[PDB]
Amino acid sequence: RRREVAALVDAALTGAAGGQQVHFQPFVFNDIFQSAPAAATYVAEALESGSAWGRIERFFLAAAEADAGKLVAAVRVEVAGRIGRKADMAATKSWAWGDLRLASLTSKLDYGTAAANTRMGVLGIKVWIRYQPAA
Amino acid sequence: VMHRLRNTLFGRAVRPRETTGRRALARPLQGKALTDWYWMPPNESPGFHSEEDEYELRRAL
Amino acid sequence: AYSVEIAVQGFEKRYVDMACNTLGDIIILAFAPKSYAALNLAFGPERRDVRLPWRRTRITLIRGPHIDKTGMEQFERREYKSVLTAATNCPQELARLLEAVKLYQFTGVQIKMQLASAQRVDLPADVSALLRXXXXXXXXXXXXXXXXXXXXXXXXXXXXXXXX
Amino acid sequence: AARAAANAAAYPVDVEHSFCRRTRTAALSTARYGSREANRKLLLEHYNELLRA
Amino acid sequence: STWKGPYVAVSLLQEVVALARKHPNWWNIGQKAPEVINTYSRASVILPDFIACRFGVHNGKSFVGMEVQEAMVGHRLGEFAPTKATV
Amino acid sequence: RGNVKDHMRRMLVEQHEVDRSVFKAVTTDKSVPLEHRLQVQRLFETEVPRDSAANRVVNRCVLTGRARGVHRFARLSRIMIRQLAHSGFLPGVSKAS
Amino acid sequence: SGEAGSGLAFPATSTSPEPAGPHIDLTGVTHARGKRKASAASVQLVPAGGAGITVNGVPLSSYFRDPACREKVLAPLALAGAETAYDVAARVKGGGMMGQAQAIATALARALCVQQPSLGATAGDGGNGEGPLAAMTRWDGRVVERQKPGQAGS
Amino acid sequence: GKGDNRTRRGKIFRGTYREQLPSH
RNA sequence: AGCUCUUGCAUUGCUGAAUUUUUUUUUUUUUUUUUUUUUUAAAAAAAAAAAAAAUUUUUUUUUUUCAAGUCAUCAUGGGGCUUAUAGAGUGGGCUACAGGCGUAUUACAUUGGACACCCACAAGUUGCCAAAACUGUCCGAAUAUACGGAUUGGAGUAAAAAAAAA
């Protein structure tokens, strides 16, 4: 039932932690935008999974002004590695919506990262996000 | 010379630099401090979902 | 005849601020005359909320991984402190305080607590006879606070003796 | 030929006799046994032995 | 290092007691002790007496045979086992 | 790298607990026994594990296998300290000033 | 009484803030504060022919015991031309010797300002004014620049 | 050595005029 | 499965360089007037005016290029290795020494050396401690000086305080 599993995960921390007992507190994301490295690991686990870049940046842009003016101010996502089919030189590519002021310290702002490992070799993924003042 | 009375009252003696072996007892032990220094999980957590082999599983492909 | 000192340690000024305010709420509740009808309150002018500065120490790092000896960057830890002051005369509300701080859990924030208090002392009758005036309140107990599963709500509690 | 006034040394343990002139109070502290109450027993015996003077 | 215990030569002493089956120092003054003594550590000090002993000291590549005489008595044996950076 | 081999050395400092070694060190630091300190120190640092004295520990890092440039400030090594610091997954250590 | 904001932030490469005022106390004894270094000082001025001049308990000529530093102490007092008639009670903290001198000079200037308004600068009229001693009221809050987080690199 | 061995000055350079506190 | 084996011209990450300077001109709050969306109401929009201003001990922070560097940080693509390129144990070596080069320190004195001083005042009382100098005293002969302190031998040593009786 549920309440077996509640005590199971609670005890699973508890025996792990040595001394104390620890609650578990799952609050769940209601998008892929409200966090930066959550979006980054969506990118990386996409990029392992054979996604071409165009559909990724498609779903990102569709989600971007799908939630226009509400919780996302600006998005810049860059990936470094070999992306395509016959890339053999080191390269990077991106896209960017909105204006971000990363020099502005009063920006509520976030950083993201993740990593993917394609059949060629390893990757690099960085995601930079700016927010409206509703937060 | 009053501190002699305070001394025999409190049983004290010159602690550093006399070569009588007492410093090697009254020193604090570093044995707890030496072995709490590391932290190694066994690479296989007995709870569940061990990440140290999930990375192996991901890079197997 | 009991005196309480609460010292509080933190990293974000937000959490130590909420900690100071909520324990201040607890003290004022703990000695609160909620009704008139019994009338030995201690708002004596010992009482304070002394704030405090910190321990200024900068700990810097090489930016680069290998050669890079140009590449420096400075880093830094902050500790923010307050002390909370009160004292009182009966023990049952002191136990309400200690059990109150036993229940309400505080995030990331150390509680170190000082409890100088009066407690009575037996003597062998020889030294009482050979007595026949100053402070001489000297117990000053000490306890550990780590390596045995405690994230530091430690209570230290020196004692004051009385044998006239 | 220079030393700090506050020696604040280590590699030892004691009962730490001290006096505070600011409030006219003597101060003795605990260090030997692990539990606090065993130290209270030791310093209570030290207080009784203090009054043999 | 004379203070609080001045001499360390334990493994050398185990080999010395192995030599000392008829005489440690020609009690049977010295006659060169033809049985070779081959230590495996040069951190050892040299103790008074110990004369006429064929010591084979390690250099990290081999064992170096040197006969001890009266002058080298207050020394540590590693001073006689170099790395041969002659030129 | 080999963080665990040092943990084995630390465990040998504590399995053959340092107390036994230091208590024999007590009688060699005493000048009260006129001699036999040479006999006590002759063995007892040789029967005792030579890899259990407190100098053979080299205090490596715990995240990674760093053997050089470690910090007891927060039990990590410089490049990781920076990576965690910029991440902020560390107890409030920010860029200074 | 109606005092106001007198302070300044005069320096280059590092600011300053001496938020302390100068004021007269009801004993007829004014008090003032001054720092010109992070080392700091306070003063307390009695119109008197008693002990004369005092920092740090002792008479001045042994504490400060370079002469040039002594006239660095006396320079606002000598600029005033009101040398003798005040007991000078003062306290200092920190730093190095003539930094203490010029700090205690500024503090003595401030106390002299609340004693006589026109000689020195104040915040009685909008934080502005002009006398001979009005120049050395506002402290010279330059500190050392910070030892550079970077290299000699040469 | 700025008078490293025998001075009341060069021995603050060699860290000895400050007598080392007993610690371990 | 393990490499401290290779490949930094297959790479992620992180950094170097000078591109050494730019990081304040921009909004927000309030007022007045008015109009956009919804079956008793908020935002929104527009014309104008006034004030608040922009983070930290003052540097970090924002910046373009070099197949720049790093597979020995870990990682990881490819290749290699697995009686040895894998692990231990003991001792070296990683610090050797014609030359040459880079970076620093210490001086070559008198604005100094020495010695004393008060043992001068700090950064630095938060959950007390210096030196240069100031004051006094010794020294100025190409002496290589009582400057300087490199190399080399040798040795690991003194006491002060005060109590009771004849």
# chains A, B, ... in the order shown; residues from 1 in each chain; ligands from 1
>>> interface_residues(of="chain B", to="chain F", cutoff="7 Å", atoms="only C-alpha atoms", output="list in words")
residues 19, 20, 21, 24, 31, 34, 35, 38 and 39 of chain B
>>> select_by_dssp(residues="chain G", states="helix (DSSP H, G or I)", output="PyMOL selection string")
chain G and resi 60-63+67-80+97-115
>>> write_last_selection(atoms="C-alpha atoms", output="short mmCIF file (atom, residue, chain, number, x, y, z; two decimals), in the first residue's frame")
data_model
loop_
_atom_site.label_atom_id
_atom_site.label_comp_id
_atom_site.auth_asym_id
_atom_site.auth_seq_id
_atom_site.Cartn_x
_atom_site.Cartn_y
_atom_site.Cartn_z
CA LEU G 60 51.45 63.10 26.73
CA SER G 61 55.18 63.59 26.47
CA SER G 62 56.10 60.01 27.34
CA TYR G 63 53.35 58.16 25.43
CA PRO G 67 58.57 65.55 19.07
CA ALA G 68 57.24 65.90 15.51
CA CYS G 69 54.41 63.61 16.45
CA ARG G 70 53.77 65.84 19.47
CA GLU G 71 53.16 68.88 17.33
CA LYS G 72 51.00 66.67 15.15
CA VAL G 73 48.97 66.29 18.31
CA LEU G 74 49.07 69.99 19.08
CA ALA G 75 48.54 71.31 15.54
CA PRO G 76 44.76 72.00 15.73
CA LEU G 77 45.26 73.22 19.25
CA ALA G 78 48.07 75.52 18.11
CA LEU G 79 46.02 76.59 15.10
CA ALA G 80 43.19 77.53 17.43
CA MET G 97 51.87 56.39 16.53
CA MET G 98 51.25 59.44 14.45
CA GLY G 99 48.12 57.98 13.05
CA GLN G 100 47.02 58.12 16.67
CA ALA G 101 48.30 61.68 16.77
CA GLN G 102 46.43 62.95 13.77
CA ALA G 103 43.34 61.01 14.83
CA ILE G 104 43.42 62.58 18.27
CA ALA G 105 44.06 65.91 16.57
CA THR G 106 40.84 65.56 14.58
CA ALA G 107 38.89 64.58 17.66
CA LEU G 108 40.26 67.55 19.61
CA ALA G 109 39.29 69.74 16.70
CA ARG G 110 35.70 68.47 16.83
CA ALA G 111 35.38 69.13 20.54
CA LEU G 112 36.79 72.59 20.00
CA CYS G 113 34.18 73.09 17.28
CA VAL G 114 31.29 72.45 19.61
CA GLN G 115 33.01 74.70 22.12
#
>>> interface_residues(of="chain F", to="chain I", cutoff="8 Å", atoms="only C-alpha atoms (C1' of nucleotides)", output="PDB file with N, CA, C and O atoms, in the first residue's frame")
ATOM      1  N   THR F  64      37.519  12.455  -4.885  1.00  0.00           N
ATOM      2  CA  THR F  64      38.658  12.151  -5.795  1.00  0.00           C
ATOM      3  C   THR F  64      39.724  11.297  -5.120  1.00  0.00           C
ATOM      4  O   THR F  64      39.442  10.622  -4.121  1.00  0.00           O
ATOM      5  N   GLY F  65      40.901  11.338  -5.702  1.00  0.00           N
ATOM      6  CA  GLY F  65      42.025  10.637  -5.075  1.00  0.00           C
ATOM      7  C   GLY F  65      43.148  11.630  -4.923  1.00  0.00           C
ATOM      8  O   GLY F  65      44.297  11.235  -5.198  1.00  0.00           O
ATOM      9  N   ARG F  66      42.810  12.892  -4.653  1.00  0.00           N
ATOM     10  CA  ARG F  66      43.892  13.902  -4.602  1.00  0.00           C
ATOM     11  C   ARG F  66      44.834  13.526  -3.466  1.00  0.00           C
ATOM     12  O   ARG F  66      44.336  13.164  -2.395  1.00  0.00           O
ATOM     13  N   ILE F  79      40.307  22.041  -6.527  1.00  0.00           N
ATOM     14  CA  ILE F  79      39.475  22.156  -7.759  1.00  0.00           C
ATOM     15  C   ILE F  79      38.029  21.760  -7.441  1.00  0.00           C
ATOM     16  O   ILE F  79      37.093  22.407  -7.973  1.00  0.00           O
ATOM     17  N   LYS F  95      32.098  33.760  -3.063  1.00  0.00           N
ATOM     18  CA  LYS F  95      33.269  34.514  -3.571  1.00  0.00           C
ATOM     19  C   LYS F  95      33.494  35.653  -2.582  1.00  0.00           C
ATOM     20  O   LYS F  95      32.494  36.307  -2.217  1.00  0.00           O
ATOM     21  N   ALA F  96      34.746  35.930  -2.214  1.00  0.00           N
ATOM     22  CA  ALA F  96      35.035  36.907  -1.136  1.00  0.00           C
ATOM     23  C   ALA F  96      34.875  38.391  -1.487  1.00  0.00           C
ATOM     24  O   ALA F  96      35.222  38.764  -2.622  1.00  0.00           O
ATOM     25  N   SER F  97      34.419  39.198  -0.518  1.00  0.00           N
ATOM     26  CA  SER F  97      34.270  40.673  -0.670  1.00  0.00           C
ATOM     27  C   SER F  97      33.337  41.042  -1.821  1.00  0.00           C
ATOM     28  O   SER F  97      33.127  42.253  -1.985  1.00  0.00           O
TER      29      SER F  97
END
>>> atom_distance(atom1="CA of residue 123 (chain C)", atom2="CA of residue 2 (chain C)")
22.2 Å
>>> interface_residues(of="chain A", to="chain I", cutoff="10 Å", atoms="only C-alpha atoms (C1' of nucleotides)", output="list in words")
residues 80, 81, 82, 88, 89, 90, 101, 102, 103, 104, 105, 106, 115, 116, 117, 118, 119, 120, 121, 122, 123, 124 and 125 of chain A
>>> write_last_selection(atoms="N, CA, C and O atoms", output="PDB file, in the first residue's frame")
ATOM      1  N   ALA A  80      28.448  21.846 -25.896  1.00  0.00           N
ATOM      2  CA  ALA A  80      29.759  21.672 -26.505  1.00  0.00           C
ATOM      3  C   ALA A  80      30.083  20.198 -26.693  1.00  0.00           C
ATOM      4  O   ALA A  80      29.955  19.405 -25.758  1.00  0.00           O
ATOM      5  N   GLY A  81      30.557  19.853 -27.888  1.00  0.00           N
ATOM      6  CA  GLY A  81      30.899  18.502 -28.268  1.00  0.00           C
ATOM      7  C   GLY A  81      30.684  18.285 -29.754  1.00  0.00           C
ATOM      8  O   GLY A  81      30.861  19.188 -30.566  1.00  0.00           O
ATOM      9  N   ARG A  82      30.331  17.057 -30.126  1.00  0.00           N
ATOM     10  CA  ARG A  82      29.992  16.742 -31.515  1.00  0.00           C
ATOM     11  C   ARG A  82      28.501  16.440 -31.602  1.00  0.00           C
ATOM     12  O   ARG A  82      27.991  15.471 -31.043  1.00  0.00           O
ATOM     13  N   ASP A  88      33.476  15.968 -36.656  1.00  0.00           N
ATOM     14  CA  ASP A  88      34.705  15.409 -36.105  1.00  0.00           C
ATOM     15  C   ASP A  88      35.583  16.488 -35.481  1.00  0.00           C
ATOM     16  O   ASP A  88      36.487  16.178 -34.698  1.00  0.00           O
ATOM     17  N   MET A  89      35.354  17.748 -35.831  1.00  0.00           N
ATOM     18  CA  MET A  89      36.015  18.883 -35.201  1.00  0.00           C
ATOM     19  C   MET A  89      35.256  19.270 -33.939  1.00  0.00           C
ATOM     20  O   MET A  89      34.056  19.024 -33.821  1.00  0.00           O
ATOM     21  N   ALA A  90      35.967  19.853 -32.982  1.00  0.00           N
ATOM     22  CA  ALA A  90      35.318  20.311 -31.767  1.00  0.00           C
ATOM     23  C   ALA A  90      34.470  21.540 -32.059  1.00  0.00           C
ATOM     24  O   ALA A  90      34.911  22.460 -32.747  1.00  0.00           O
ATOM     25  N   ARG A 101      20.504  39.731 -18.417  1.00  0.00           N
ATOM     26  CA  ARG A 101      21.558  40.633 -17.973  1.00  0.00           C
ATOM     27  C   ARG A 101      22.343  39.893 -16.906  1.00  0.00           C
ATOM     28  O   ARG A 101      22.080  40.017 -15.713  1.00  0.00           O
ATOM     29  N   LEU A 102      23.340  39.125 -17.347  1.00  0.00           N
ATOM     30  CA  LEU A 102      24.104  38.299 -16.418  1.00  0.00           C
ATOM     31  C   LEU A 102      25.083  39.144 -15.616  1.00  0.00           C
ATOM     32  O   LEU A 102      25.605  38.702 -14.589  1.00  0.00           O
ATOM     33  N   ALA A 103      25.343  40.359 -16.066  1.00  0.00           N
ATOM     34  CA  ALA A 103      26.092  41.302 -15.262  1.00  0.00           C
ATOM     35  C   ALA A 103      25.241  41.994 -14.213  1.00  0.00           C
ATOM     36  O   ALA A 103      25.787  42.743 -13.402  1.00  0.00           O
ATOM     37  N   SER A 104      23.931  41.795 -14.212  1.00  0.00           N
ATOM     38  CA  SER A 104      23.060  42.485 -13.264  1.00  0.00           C
ATOM     39  C   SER A 104      22.908  41.614 -12.030  1.00  0.00           C
ATOM     40  O   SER A 104      22.340  40.525 -12.087  1.00  0.00           O
ATOM     41  N   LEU A 105      23.396  42.102 -10.901  1.00  0.00           N
ATOM     42  CA  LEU A 105      23.429  41.242  -9.735  1.00  0.00           C
ATOM     43  C   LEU A 105      22.090  41.203  -9.035  1.00  0.00           C
ATOM     44  O   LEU A 105      21.840  40.309  -8.231  1.00  0.00           O
ATOM     45  N   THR A 106      21.192  42.123  -9.362  1.00  0.00           N
ATOM     46  CA  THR A 106      19.855  42.045  -8.793  1.00  0.00           C
ATOM     47  C   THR A 106      18.957  41.080  -9.550  1.00  0.00           C
ATOM     48  O   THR A 106      17.767  40.988  -9.236  1.00  0.00           O
ATOM     49  N   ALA A 115      25.665  16.481 -18.131  1.00  0.00           N
ATOM     50  CA  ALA A 115      26.616  15.829 -19.013  1.00  0.00           C
ATOM     51  C   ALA A 115      25.936  14.669 -19.716  1.00  0.00           C
ATOM     52  O   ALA A 115      25.081  14.002 -19.133  1.00  0.00           O
ATOM     53  N   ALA A 116      26.327  14.420 -20.955  1.00  0.00           N
ATOM     54  CA  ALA A 116      25.816  13.301 -21.729  1.00  0.00           C
ATOM     55  C   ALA A 116      27.007  12.563 -22.315  1.00  0.00           C
ATOM     56  O   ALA A 116      28.096  13.133 -22.423  1.00  0.00           O
ATOM     57  N   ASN A 117      26.817  11.292 -22.651  1.00  0.00           N
ATOM     58  CA  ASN A 117      27.907  10.479 -23.182  1.00  0.00           C
ATOM     59  C   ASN A 117      27.400   9.777 -24.435  1.00  0.00           C
ATOM     60  O   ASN A 117      26.763   8.730 -24.366  1.00  0.00           O
ATOM     61  N   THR A 118      27.693  10.347 -25.602  1.00  0.00           N
ATOM     62  CA  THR A 118      27.203   9.762 -26.841  1.00  0.00           C
ATOM     63  C   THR A 118      28.102   8.610 -27.276  1.00  0.00           C
ATOM     64  O   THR A 118      29.084   8.274 -26.612  1.00  0.00           O
ATOM     65  N   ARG A 119      27.742   8.001 -28.416  1.00  0.00           N
ATOM     66  CA  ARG A 119      28.520   6.889 -28.957  1.00  0.00           C
ATOM     67  C   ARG A 119      29.913   7.318 -29.369  1.00  0.00           C
ATOM     68  O   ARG A 119      30.849   6.511 -29.315  1.00  0.00           O
ATOM     69  N   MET A 120      30.064   8.562 -29.809  1.00  0.00           N
ATOM     70  CA  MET A 120      31.382   9.077 -30.124  1.00  0.00           C
ATOM     71  C   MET A 120      32.252   9.190 -28.892  1.00  0.00           C
ATOM     72  O   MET A 120      33.427   8.850 -28.969  1.00  0.00           O
ATOM     73  N   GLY A 121      31.719   9.696 -27.800  1.00  0.00           N
ATOM     74  CA  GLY A 121      32.500  10.174 -26.686  1.00  0.00           C
ATOM     75  C   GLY A 121      31.645  11.039 -25.788  1.00  0.00           C
ATOM     76  O   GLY A 121      30.425  10.916 -25.756  1.00  0.00           O
ATOM     77  N   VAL A 122      32.291  11.937 -25.059  1.00  0.00           N
ATOM     78  CA  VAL A 122      31.645  12.668 -23.976  1.00  0.00           C
ATOM     79  C   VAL A 122      31.250  14.058 -24.451  1.00  0.00           C
ATOM     80  O   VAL A 122      31.664  14.494 -25.528  1.00  0.00           O
ATOM     81  N   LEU A 123      30.417  14.742 -23.664  1.00  0.00           N
ATOM     82  CA  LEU A 123      29.778  15.997 -24.050  1.00  0.00           C
ATOM     83  C   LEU A 123      29.958  17.071 -22.985  1.00  0.00           C
ATOM     84  O   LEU A 123      30.588  16.829 -21.952  1.00  0.00           O
ATOM     85  N   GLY A 124      29.442  18.267 -23.269  1.00  0.00           N
ATOM     86  CA  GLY A 124      29.280  19.300 -22.257  1.00  0.00           C
ATOM     87  C   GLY A 124      28.018  20.115 -22.471  1.00  0.00           C
ATOM     88  O   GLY A 124      27.727  20.536 -23.591  1.00  0.00           O
ATOM     89  N   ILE A 125      27.263  20.326 -21.391  1.00  0.00           N
ATOM     90  CA  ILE A 125      25.953  20.970 -21.451  1.00  0.00           C
ATOM     91  C   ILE A 125      25.860  22.018 -20.347  1.00  0.00           C
ATOM     92  O   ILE A 125      26.062  21.698 -19.171  1.00  0.00           O
TER      93      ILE A 125
END
>>> residues_around(residues="residue 30 (chain I)", least_positions_apart="3", cutoff="12 Å", atoms="only C-alpha atoms (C1' of nucleotides)", output="PyMOL selection string")
chain I and resi 49-52
>>> write_last_selection(atoms="C-alpha atoms (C1' of nucleotides)", output="PDB file, in the first residue's frame")
ATOM      1  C1'   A I  49       5.307  66.231 -13.274  1.00  0.00           C
ATOM      2  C1'   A I  50       8.035  65.261  -8.786  1.00  0.00           C
ATOM      3  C1'   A I  51      11.237  62.060  -5.378  1.00  0.00           C
ATOM      4  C1'   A I  52      13.819  56.885  -4.357  1.00  0.00           C
TER       5        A I  52
END
>>> atom_distance(atom1="CA of residue 43 (chain E)", atom2="CA of residue 85 (chain E)")
20.2 Å
>>> interface_residues(of="chain B", to="chain I", cutoff="12 Å", atoms="only C-alpha atoms (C1' of nucleotides)", output="MDAnalysis selection string")
chainID B and resid 1:2 4 55:56 59
>>> interface_residues(of="chain C", to="chain D", cutoff="7 Å", atoms="only C-alpha atoms", output="list in words")
residues 123, 127, 135, 136, 137, 138, 139, 140, 141, 142 and 143 of chain C
>>> atom_distance(atom1="CA of residue 86 (chain G)", atom2="CA of residue 38 (chain G)")
27.1 Å
>>> interface_residues(of="chain A", to="chain F", cutoff="10 Å", atoms="only C-alpha atoms", output="PDB file with C-alpha atoms, in the first residue's frame")
ATOM      1  CA  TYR A 111      22.835  28.258 -13.563  1.00  0.00           C
ATOM      2  CA  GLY A 112      22.460  24.735 -14.851  1.00  0.00           C
ATOM      3  CA  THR A 113      24.702  21.924 -15.948  1.00  0.00           C
TER       4      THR A 113
END
>>> interface_residues(of="chain C", to="chain G", cutoff="12 Å", atoms="only C-alpha atoms", output="PyMOL selection string")
chain C and resi 58-63+68-75
>>> write_last_selection(atoms="N, CA and C atoms", output="PDB file, in the first residue's frame")
ATOM      1  N   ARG C  58      39.524  35.087   5.524  1.00  0.00           N
ATOM      2  CA  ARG C  58      39.403  34.860   4.087  1.00  0.00           C
ATOM      3  C   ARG C  58      40.299  33.701   3.670  1.00  0.00           C
ATOM      4  N   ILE C  59      39.763  32.785   2.870  1.00  0.00           N
ATOM      5  CA  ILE C  59      40.450  31.549   2.521  1.00  0.00           C
ATOM      6  C   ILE C  59      40.416  31.391   1.010  1.00  0.00           C
ATOM      7  N   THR C  60      41.555  31.580   0.359  1.00  0.00           N
ATOM      8  CA  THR C  60      41.585  31.777  -1.085  1.00  0.00           C
ATOM      9  C   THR C  60      42.051  30.518  -1.802  1.00  0.00           C
ATOM     10  N   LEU C  61      41.813  30.472  -3.111  1.00  0.00           N
ATOM     11  CA  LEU C  61      42.018  29.288  -3.929  1.00  0.00           C
ATOM     12  C   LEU C  61      42.635  29.626  -5.268  1.00  0.00           C
ATOM     13  N   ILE C  62      43.358  28.653  -5.796  1.00  0.00           N
ATOM     14  CA  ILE C  62      43.782  28.672  -7.187  1.00  0.00           C
ATOM     15  C   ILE C  62      42.553  28.473  -8.059  1.00  0.00           C
ATOM     16  N   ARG C  63      42.378  29.324  -9.067  1.00  0.00           N
ATOM     17  CA  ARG C  63      41.292  29.093 -10.007  1.00  0.00           C
ATOM     18  C   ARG C  63      41.573  27.890 -10.890  1.00  0.00           C
ATOM     19  N   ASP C  68      48.844  27.895 -14.201  1.00  0.00           N
ATOM     20  CA  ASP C  68      47.773  28.743 -13.698  1.00  0.00           C
ATOM     21  C   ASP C  68      47.995  29.490 -12.388  1.00  0.00           C
ATOM     22  N   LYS C  69      49.255  29.745 -12.017  1.00  0.00           N
ATOM     23  CA  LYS C  69      49.552  30.328 -10.712  1.00  0.00           C
ATOM     24  C   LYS C  69      49.185  31.801 -10.656  1.00  0.00           C
ATOM     25  N   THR C  70      48.920  32.393 -11.811  1.00  0.00           N
ATOM     26  CA  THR C  70      48.197  33.643 -11.865  1.00  0.00           C
ATOM     27  C   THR C  70      46.795  33.497 -11.303  1.00  0.00           C
ATOM     28  N   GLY C  71      46.165  32.351 -11.507  1.00  0.00           N
ATOM     29  CA  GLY C  71      44.730  32.239 -11.344  1.00  0.00           C
ATOM     30  C   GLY C  71      44.211  32.102  -9.928  1.00  0.00           C
ATOM     31  N   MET C  72      44.066  33.197  -9.195  1.00  0.00           N
ATOM     32  CA  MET C  72      43.625  33.120  -7.811  1.00  0.00           C
ATOM     33  C   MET C  72      42.160  33.512  -7.693  1.00  0.00           C
ATOM     34  N   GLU C  73      41.475  33.002  -6.671  1.00  0.00           N
ATOM     35  CA  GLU C  73      40.174  33.542  -6.289  1.00  0.00           C
ATOM     36  C   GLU C  73      39.978  33.390  -4.786  1.00  0.00           C
ATOM     37  N   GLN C  74      39.316  34.371  -4.177  1.00  0.00           N
ATOM     38  CA  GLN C  74      39.108  34.461  -2.741  1.00  0.00           C
ATOM     39  C   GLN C  74      37.779  33.829  -2.330  1.00  0.00           C
ATOM     40  N   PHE C  75      37.787  33.096  -1.219  1.00  0.00           N
ATOM     41  CA  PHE C  75      36.580  32.507  -0.652  1.00  0.00           C
ATOM     42  C   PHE C  75      36.610  32.602   0.856  1.00  0.00           C
TER      43      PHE C  75
END
>>> residues_around(residues="residue 114 (chain A)", least_positions_apart="4", cutoff="7 Å", atoms="only C-alpha atoms (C1' of nucleotides)", output="list in words")
residues 37, 40, 41, 44, 125 and 126 of chain A
>>> write_last_selection(atoms="N, CA and C atoms", output="JSON list (two decimals), in the first residue's frame")
[["chain", "number", "residue", "atom", "x", "y", "z"],
["A", 37, "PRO", "N", 19.15, 23.14, -13.80],
["A", 37, "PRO", "CA", 19.83, 21.89, -14.15],
["A", 37, "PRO", "C", 18.87, 20.74, -14.38],
["A", 40, "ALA", "N", 18.69, 21.07, -17.81],
["A", 40, "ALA", "CA", 19.96, 20.61, -18.36],
["A", 40, "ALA", "C", 20.02, 19.10, -18.45],
["A", 41, "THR", "N", 19.49, 18.40, -17.45],
["A", 41, "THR", "CA", 19.57, 16.95, -17.54],
["A", 41, "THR", "C", 18.52, 16.42, -18.50],
["A", 44, "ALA", "N", 20.60, 16.61, -21.62],
["A", 44, "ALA", "CA", 21.65, 15.60, -21.73],
["A", 44, "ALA", "C", 21.06, 14.22, -21.96],
["A", 125, "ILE", "N", 27.26, 20.33, -21.39],
["A", 125, "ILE", "CA", 25.95, 20.97, -21.45],
["A", 125, "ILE", "C", 25.86, 22.02, -20.35],
["A", 126, "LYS", "N", 25.54, 23.26, -20.72],
["A", 126, "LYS", "CA", 25.34, 24.37, -19.79],
["A", 126, "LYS", "C", 24.09, 25.14, -20.17]]
>>> interface_residues(of="chain I", to="chain C", cutoff="7 Å", atoms="only C-alpha atoms (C1' of nucleotides)", output="PyMOL selection string")
chain I and resi 14-16+70+127
